[PDB]
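Encoded as C-alpha cells, the following chain is the form deposited in one PDB entry, with no partner shown.
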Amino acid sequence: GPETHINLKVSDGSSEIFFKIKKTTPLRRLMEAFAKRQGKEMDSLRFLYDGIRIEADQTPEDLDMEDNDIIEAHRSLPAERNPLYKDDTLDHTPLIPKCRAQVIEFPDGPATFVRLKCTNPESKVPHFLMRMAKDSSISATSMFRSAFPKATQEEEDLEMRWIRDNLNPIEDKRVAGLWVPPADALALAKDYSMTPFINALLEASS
C-alpha cells in the first residue's frame, strides 16, 4: 500500500501486541520490542511472516507488508527432528494396532497405560509414546524426547516451561514428566510433526 506507516500485530499464541512503525524501519525493532515487553529472550523466539522467517534487517517495505498484517512469534525448538516424523498428514489407521495397553502396579495401586514404540529409522534408537488410560493424558515429555534426537537438557527444560505456561498440563505424583490432555497433545503433535502417531495413541484400545 501507499501508506508511509503500518500497523502490525505480533502474536506468540498466548499474547498479541500491535505495533505502529514506519515501513522503512528494520523489523529488528519490532522483534526486540515484542521480546522485551513479553519478558522473553530473543533467542527463544523465531518471527515469521507468511511462513517465512523474518531477518532483522528486513523492513515492512522489503517484505511488501500490508496494514494489520500478522507476524507469528514461534518458540525455538531443537534444530533436528526424528526422521520418523517427516510426514504429518499420513492416515493413522495402521498405527493403532501397534499400540499396546499395559497395567503397571504402583503403591496405590494399579494404573493402565497405552504405549506406542517409535523407532528412529536412521539411528534405530526407540522411544515410547505414553498415554494414561484413566483420563487419556499424554506424556508431553515422551513426545518431545521421541521428536528431537539431539535435544539438550536446556532445550527440554525450555520446552517443558513453555508447555506449563501455554498449555494445561498435569502432574501425577506417581509418574514423572509433563502430562497433557488430548487437545494439548494434538497441538504439540502439530508442532512436532507427530500427528498420525498421537492420533493413533489417542484412539487405541486401553
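Residue indices: 1-based, along the sequence shown.
One more form of this protein exists, namely the form deposited in another entry; it is left out here, but the text below deals with it.
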{"property": "Selected hinge residue, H74, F128, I52, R145 [rigid parts, motion between the shown form and the other one]", "result": "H74"}
{"property": "Outcome for the Cα pair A79, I54 in the other form, compared with this form (closer or farther; change of 3 Å or more)", "result": "closer"}
{"property": "Pair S15/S139, Cα separation in the other form versus the displayed form, closer or farther by 3 angstroms or more", "result": "farther"}
